[PDB]
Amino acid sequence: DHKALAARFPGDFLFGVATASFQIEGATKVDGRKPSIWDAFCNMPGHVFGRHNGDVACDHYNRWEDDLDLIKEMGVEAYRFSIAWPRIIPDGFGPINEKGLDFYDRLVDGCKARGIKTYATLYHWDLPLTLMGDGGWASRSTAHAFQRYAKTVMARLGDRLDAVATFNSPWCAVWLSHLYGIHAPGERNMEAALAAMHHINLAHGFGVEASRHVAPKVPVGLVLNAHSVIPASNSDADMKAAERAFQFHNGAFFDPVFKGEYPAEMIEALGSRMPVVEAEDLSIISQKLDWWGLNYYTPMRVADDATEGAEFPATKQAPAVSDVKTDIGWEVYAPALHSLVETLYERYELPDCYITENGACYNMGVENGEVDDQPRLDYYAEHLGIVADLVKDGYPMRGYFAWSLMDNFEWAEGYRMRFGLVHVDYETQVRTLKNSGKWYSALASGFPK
């Protein structure tokens, strides 16, 4: 019941919907945009399901106003979107593409008018391909490229943006992309990943400084998919493994940003293969933030891996406890969100928290002009319940963004996996609000109270 749920949130609570540039925009060669590492990743056989690419996506570059009208119609207060660096500075470094800035200029103006709050993400994984020439994120220069990019974007949009985040999910851009080979640019090398790790942390810090110089009134944050690490058993071995996993998967980012240091045990094992950490780096990385964003979907269950020569954190996947799974295979276990936030606030000195992503893959389509996606509605009801619990416990939860306004390109899964509150038929580009979306609209429309 959406109305009893609404009663559990403070009157000024911020409800939003969220989106990413490469996932929805399409128009990949339009108005001066040059390729991103994801264009290359999609088009090389092997990396992405069906060799699906971002060429058309949801055609949001052309349909952006219709999509803003839809958000307004749903009565959702905030919109979180990302900015395509390949549109703004197509070669990473080099000339600014003013037509690229124009698109986000119109977008933000469109939101301003409609009373929709704007939460921009500067980097949601679409690195300009040209920067790979220098080594991509493995090169320190790429952080300075971002520094210039951040300044350029905020100089134009800073007078109107309600909030900005430098990065979305360093874990993905770092390990999943450079150690595990699953995301662009698809590397599997610890040296490359440790380089990307430090350089993305550094770029974050550069972005905070850049944004505050050109747009000092805009609250600056960082969006992280902190993993809810759960040991497989209560053994000493699994307990210690859970901590190693926490340091590597979360601590690699939270510790430099919020404590100004890398995790000690991780440095002990991996430090010799890290790039140069210069004298000022950790102070730049750990500048104070106005907010932070949590992306949460599913727990990370781990067990000790005793295999000789296993690299830190030396763990392996543990089986799910719940038997409820989404259509992408991810375990549904809401309590893990509670224990995660509790853990983070005990361990770190953190600012206000917004849930910047939470949602579920369920692939049902249209019948009778409707989409009966009850399990997605149940997923939302259950996790929002947890957020309300966290509010009751005294945690500074200020808002919530449902992941995915619409069905879109889902990275290595291509278009086969649907996360949207709004269904998209890729043949016709018709948007159909799903039942979960009608429910979320019903909840969000009562805020501010």
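A residue's number is simply how far along the shown sequence it sits, counting from 1.
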Worksheet entry | Segment of higher mean CA temperature factor, 52 to 60 or 35 to 43 | 52 to 60
Worksheet, complete the sentence: Between 160 to 168 and 211 to 219, the record assigns the higher mean Cα B factor to 211 to 219
Worksheet entry | Residue of maximum C-alpha B factor among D126, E357, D91, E268, per deposited coordinates | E268
Worksheet item: In this PDB entry, which of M132, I116, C361, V257 has the top CA B-factor?
Response: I116
Practice prompt. Just say lowest, middle or highest third for the CA B-factor of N201 relative to the other modelled residues in its chain.
Written response: lowest
Worksheet item: By the record's CA B-factor, is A237 among the lowest, middle or highest third of residues in the chain?
Response: highest
Worksheet item: Which third, lowest, middle or highest, does the CA B-factor of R301 fall in along this chain?
Response: highest
Discussion item. Lowest, middle or highest third: which one holds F15 when the chain's residues are ordered by CA B-factor from the entry?
Written reply: middle
Worksheet, complete the sentence: Here the Cα B-factor of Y426, set against its chain, lands in the third termed highest
